[PDB]
Amino acid sequence: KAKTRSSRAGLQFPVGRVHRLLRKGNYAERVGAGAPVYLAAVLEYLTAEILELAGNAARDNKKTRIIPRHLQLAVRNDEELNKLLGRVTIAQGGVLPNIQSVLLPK
Amino acid sequence: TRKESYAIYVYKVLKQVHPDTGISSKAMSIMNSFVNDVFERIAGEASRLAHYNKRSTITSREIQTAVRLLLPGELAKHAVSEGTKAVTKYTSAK
Amino acid sequence: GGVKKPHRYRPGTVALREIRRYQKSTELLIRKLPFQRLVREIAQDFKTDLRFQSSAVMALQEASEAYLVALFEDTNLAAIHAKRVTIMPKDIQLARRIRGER
Amino acid sequence: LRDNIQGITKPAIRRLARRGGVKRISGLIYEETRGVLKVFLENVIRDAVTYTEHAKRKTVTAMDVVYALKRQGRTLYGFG
Amino acid sequence: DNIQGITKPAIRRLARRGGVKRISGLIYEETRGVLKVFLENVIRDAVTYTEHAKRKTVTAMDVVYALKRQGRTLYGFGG
Amino acid sequence: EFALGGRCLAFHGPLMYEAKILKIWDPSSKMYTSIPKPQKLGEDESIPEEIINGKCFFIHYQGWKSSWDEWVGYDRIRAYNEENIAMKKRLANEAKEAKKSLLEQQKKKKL
């Protein structure tokens, strides 16, 4: 019986894969055991906050499945995810709806 | 032919968050490229840090100095906290 | 006596209406085939007979519309900067004279 | 082919600018913009035919396009 | 208050080097806040780097290193 | 004369307007012919009874939308010929004189 490293760490993202990748990435000569565990831990978090915010967006537009648009809202509405994904252009996102105050009718 | 990507993993964590919500495939690819990109940025900064400090190994420490150098503002604190409790559970479960 | 007059929305109402229409659309604007060709002649100059996937084009577009809607956006702020609602070629220029491509 | 820049029709350059939240597009913008589309699409496509040749491939791939956009800073999610 | 140490004539000197001929009076105090928040970005990263070397002193090398991260490389001080 | 799809000039208030003849109505057969074929009036289709005893034409005003499309009899419809075009010019001049009188009365109102 062989268990996975993710269940040892309590995660859903793969810790094993993120080790290989770290190794073959040659980011550095030697990689320790806890480095892929921490990275999988941070990646799942960032994948979660973004998925939550997307879930908050979708239900609003009363759509069952998340579609690429819901992911732009989530990112541009939030002021953190927007600095992170700030020079990133998501597919089929549109833009945050916004019109300037001087362009409004009097 | 075998294509490695984070499909089932992000789906799982999605049900962990929302066990009622679907996902688009293109939107998936958005998620997969996004986690790949942030992984590249966190791992690269780490590699750099190390090469500056004349070290040679990517300790969980570097990934932190990194997450706190890349992820902006609060997104960091909550990243660290979760990474530290994750590696704590990894060492507790050995 | 009473002569008719067609119902015409005042200059700007149709404008803002299609603004709200288009800021909810995610669909691409520049049409595909017209764009695809934009490249085959913008590439023929870099390498001959470079085939292109039906996804490279879609990508090179999504990336273009995204670039342009950003620039227009800073163009507008630049147009409002001079207290005007008309954008001008100088604006696209001030904007780009500050992103450092110029 | 040749001079297909005119394919990005004014009706469209507008729709984009409309997307960008502008209300009055002066003329003399439709020409400027198309010029900006042709400096951007240039660089990206150039950095993509260089990537294309390096791989000794002929088919400009969408994969290359994304890598090219990255170099210039405008990363694109949705393709790889 | 150490911020008010960035004096007006100094901000005027920066504008002159920047080619500005008439500085509003309300600029001076806007340039402080912008200055602070920027320094407050570099020096932050300068120190993350510092407390990664377990060094307690900061170095100019760490400063240009934090600039490289932000994006604005600085030549002339090492690295 | 009058043809399906042909030009015509028609009354509309005091003035003349160009129109397309889309349907031709025959009062005796309670029927009209249309363009993309004899057929009767539909469920939502009706003709005013002031003209329905005379030969009617369903017409569409040029430069104006389909909400202005209407049935007209020989009183309100004329063939597109040079006499009708000339009196159309004449009534356009009458409308121009009415607009000029509007300008004169408003400029006297300002004074």
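No value in this document is a laboratory result; all are computed from the given coordinates. Ideal geometry is used to build each Cβ from the backbone, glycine not excepted, and the neighbour counts take in all protein chains shown.
Go through B:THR65, B:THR21 for me and flag whichever is farther than 17 Å from B:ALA79 by Cβ, touching a helix residue (DSSP H, G or I) at 6+ places or on another chain (Cβ under 8 Å) and not small (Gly, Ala, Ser). Walk me through it before giving the result.
Details: B:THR65 fails: farther than 17 Å from B:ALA79 by Cβ.
One residue alone meets the criteria, B:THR21.
One residue stands out in the range C:29-48 among those that are of a type in the set (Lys, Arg) and part of a loop (DSSP other than H, G, I, E, B): the one that is nearest to the chain's Cα centre (by Cα), namely C:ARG31.
Table: residues versus (1) buried (at least 21 other Cβ atoms within 10 Å of the Cβ); (2) within 13 Å of the chain's Cα centre (by Cα); (3) facing chain C (nearest Cβ under 7 Å); (4) not charged (D, E, K, R).
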{"residue": "D:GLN6", "(1), (2), (3), (4)": "no, no, no, yes"}
{"residue": "D:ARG18", "(1), (2), (3), (4)": "yes, no, yes, no"}
{"residue": "D:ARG24", "(1), (2), (3), (4)": "no, no, yes, no"}
{"residue": "D:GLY27", "(1), (2), (3), (4)": "no, no, no, yes"}
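When B:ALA50, B:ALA7 are checked against the criterion of being over 22 Å from A:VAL88 (Cβ atoms) and either among the small types (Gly, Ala, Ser) or at the interface with chain A (Cβ under 7 Å from one of its Cβ atoms) (or both), B:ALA50 stands alone in meeting it.
As a summary of the residue check, C:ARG17 satisfies the conditions (1) more than 8 Å from chain D (Cβ to nearest Cβ); (2) in contact with a helix residue (DSSP H, G or I) (Cβ under 8 Å, 6 or more places away or on another chain) except for the one numbered (2). Could you check, for the range F:49-64, whether at least one of its residues is under 28 Å from C:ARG8 (Cβ atoms), hydroxyl-bearing (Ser, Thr, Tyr) and touching a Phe, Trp or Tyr at 6+ places or on another chain (Cβ under 8 Å)? Yes, the range F:49-64 has at least one match. The sole residue among A:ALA28, A:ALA35 that is in a helix (DSSP H, G or I), more than 17 Å from the chain's Cα centre (by Cα) and crowded, with 22+ Cβ neighbours inside 10 Å is A:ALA35. Looking at the range C:78-100, which of its residues are part of a helix (DSSP H, G or I) and more than 8 Å from every other protein chain (Cβ to nearest Cβ)? Within the range C:78-100, C:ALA78, C:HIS81, C:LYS90, C:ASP91, C:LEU94, C:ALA95, C:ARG97, C:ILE98, C:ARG99 meet the criteria.
Residue check: is A:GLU44 surrounded by fewer than 20 Cβ atoms within 10 Å (Cβ to Cβ), of a type in the set (D, E, K, R) and away from chain D (no Cβ under 14 Å)? So A:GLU44 does not fit the description; no. Screening A:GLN100 on (1) under 22 Å from B:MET28 (Cβ atoms); (2) within 14 Å of chain D (Cβ to nearest Cβ) shows it passes everything except condition (1). Answer with yes or no whether F:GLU45 is over 17 Å from the mean Cα position of the chain (by Cα), outside any helix (DSSP H, G or I), loosely packed, with under 13 Cβ neighbours inside 10 Å and not aromatic (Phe, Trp, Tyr). For F:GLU45, the condition - over 17 Å from the mean Cα position of the chain (by Cα), outside any helix (DSSP H, G or I), loosely packed, with under 13 Cβ neighbours inside 10 Å and not aromatic (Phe, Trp, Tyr) - is met.
Remark: pairs (first residue in the range F:38-53, more than 14 Å from F:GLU70 (Cα to Cα); second residue polar (S, T, N, Q) and in a strand (DSSP E or B); Cβ separation under 9 Å; 6+ apart in sequence or on different chains) = F:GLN39/F:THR33. When A:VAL95 is tested against (1) more than 23 Å from D:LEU69 (Cα to Cα); (2) within 12 Å of chain D (Cβ to nearest Cβ), only condition (1) is not met.
Regarding C:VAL57, is this residue among the aliphatic types (A, V, I, L, M) and facing another protein chain (nearest Cβ under 7 Å)? Taking the combined requirement at face value, the residue does not satisfy it.
Residues in the range B:10-27 that are more than 7 Å from every other protein chain (Cβ to nearest Cβ) and under 18 Å from A:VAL18 (Cβ atoms): B:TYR11 only. As for the range D:36-43, it holds no residue that is facing chain C (nearest Cβ under 7 Å) and not in a helix (DSSP H, G or I). Output the residues belonging to the range A:80-102 that are buried (at least 17 other Cβ atoms within 10 Å of the Cβ) and either within 17 Å of D:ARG15 (Cβ to Cβ) or hydroxyl-bearing (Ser, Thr, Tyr) (or both). A:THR89, A:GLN92, A:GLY93, A:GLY94, A:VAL95, listed by residue number. When B:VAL17, B:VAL35 are checked against the criterion of being in contact with a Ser or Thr (Cβ under 6 Å, 6 or more places away or on another chain) and β-branched (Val, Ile, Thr), a single residue qualifies: B:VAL35. Confirm whether B:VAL87 is within 7 Å of another protein chain (Cβ to nearest Cβ) and either hydrophobic (A, V, I, L, M, F, W, C) or part of a loop (DSSP other than H, G, I, E, B) (or both). Yes, satisfied.
Can you confirm whether B:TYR52 is surrounded by fewer than 20 Cβ atoms within 10 Å (Cβ to Cβ), among the aromatic types (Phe, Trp, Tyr) and over 23 Å from A:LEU81 (Cα atoms)? Here the answer is yes, as B:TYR52 does meet what is asked.
Looking at the range B:59-75, which of the residues that are assigned to a helix (DSSP H, G or I), at the interface with chain A (Cβ under 7 Å from one of its Cβ atoms) and of a type in the set (A, V, I, L, M, F, W, C) is surrounded by the fewest Cβ atoms within 10 Å (Cβ to Cβ)? Selected residue: B:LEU75.
Pairing residues of the range C:50-65 that are within 16 Å of D:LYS70 (Cα to Cα) with residues that are of a type in the set (S, T, N, Q) and in a loop (DSSP other than H, G, I, E, B), at Cβ distances under 7 Å and at least 6 apart in sequence or on separate chains, gives C:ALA56/D:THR61.
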